[PDB]
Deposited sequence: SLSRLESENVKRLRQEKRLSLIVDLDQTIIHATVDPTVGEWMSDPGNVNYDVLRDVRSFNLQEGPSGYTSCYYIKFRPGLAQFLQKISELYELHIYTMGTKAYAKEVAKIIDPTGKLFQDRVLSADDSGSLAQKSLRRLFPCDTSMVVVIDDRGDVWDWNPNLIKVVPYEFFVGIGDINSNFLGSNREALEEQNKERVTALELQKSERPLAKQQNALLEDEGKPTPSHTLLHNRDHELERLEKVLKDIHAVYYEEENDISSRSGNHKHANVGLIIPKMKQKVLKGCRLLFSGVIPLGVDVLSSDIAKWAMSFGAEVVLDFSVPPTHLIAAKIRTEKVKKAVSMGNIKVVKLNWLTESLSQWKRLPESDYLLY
């Protein structure tokens, strides 16, 4: 069959498989018409950083509602995809529509060389709330790595490399997130909701409002290129690849090629070094009434080796606090030997695969 033969082929090519999210992983998209105006004006403070933005029109829904999408490609993307395709067979897996995914692929991959037809979208993935490795590799996930800005859609799968969400168009989120986590609504209800959100973004012009506020106050320019995430990510993926093929060489030779390596084992071993020895207590971060140990932030932290505790019975190493005026903070301070830090210490450390100095994240 095809699946078992693809695994064999990849090993002969000495490659792995990479599932690549679009929105806020390798692109950021908006329908704010402000972008088109700024792009058309060489004199605009935002023009220079918009020069590489590309756009397309999509007609959407029963009524053929039409929007101009503006796409910012994350810095270094062309180079990143070229280099990483040497090591990984690339797939796209997005919660956007098939039409959207195809429009983006036409721009990043015009001749089909990088992704060919390996493009999964909301239309054909099987779910509007979660993604699954099994949609592509039902029987054997040992060679597949994921890059995605969201861990919740993957249930914090051990094959996931969560990336820093790309936010170039300041204040614009993920325009394709509208149906994450939820039940399946009637198609009529889905289209009403999307048209509504798009129309709202067009009419409110959040970019214009934010830019105007800054000017009314380089620091006055809204948009900037300050993202270097793909340079970091390249190194991680190159490491995973090299560790896999060294372990594969060892395991397969010792087993008469009956056993093999597994990135799902390799990746957690890499991650668990980062916050090894940390025991985290959260204060005012998880909402009252929400289960802490199954929360996204707890799962993210535990994937990087941190323990999470719920009280001081065994004193934590860190108190991750959102508000300063709590008995947890008072107790932590009065106890001593506990570092009290903003949430940012944790999210930025996890993001950089590197425990950052706590002294840089104190509360006051």
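Absence of C-alpha coordinates is noted for several segments of the deposited sequence, namely 1 to 3, 221 to 225.
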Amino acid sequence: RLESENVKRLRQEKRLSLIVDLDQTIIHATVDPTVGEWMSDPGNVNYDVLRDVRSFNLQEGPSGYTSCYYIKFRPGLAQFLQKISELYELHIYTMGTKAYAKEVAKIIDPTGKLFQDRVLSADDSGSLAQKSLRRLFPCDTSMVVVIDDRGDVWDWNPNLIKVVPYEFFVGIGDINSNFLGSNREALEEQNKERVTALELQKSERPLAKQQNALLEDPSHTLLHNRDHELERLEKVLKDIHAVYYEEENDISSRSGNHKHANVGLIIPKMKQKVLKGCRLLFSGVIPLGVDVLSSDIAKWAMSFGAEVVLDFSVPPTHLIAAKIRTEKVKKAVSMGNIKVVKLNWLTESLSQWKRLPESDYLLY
From here on, numbers count along this sequence of modelled residues.
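Per the PDB record, of the two stretches 349 to 357 and 10 to 18, 349 to 357 carries the greater mean B-factor over its C-alpha atoms.
Comparing 126 to 134 with 283 to 291, the stretch with the higher mean C-alpha B-factor in the PDB entry is 283 to 291. Looking at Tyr47, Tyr70, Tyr65, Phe304, the one whose CA carries the top B-factor in the deposited record is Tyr65. The entry assigns its greatest Cα B factor, within the set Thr221, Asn159, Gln79, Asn178, to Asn178. Ranked against the other modelled residues of its chain, the C-alpha B-factor of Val308 as given in the entry falls in the middle third. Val53: CA B factor lies in the lowest third for its chain, per the PDB record. Among the modelled residues of its chain, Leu90 has a C-alpha B-factor that falls in the lowest third, as given in the PDB entry. In this PDB entry, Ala186 carries a Cα temperature factor that places it within the highest third of its chain's modelled residues. When the CA B factors of the chain's modelled residues are split into thirds, the value for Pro315 lands in the highest one.
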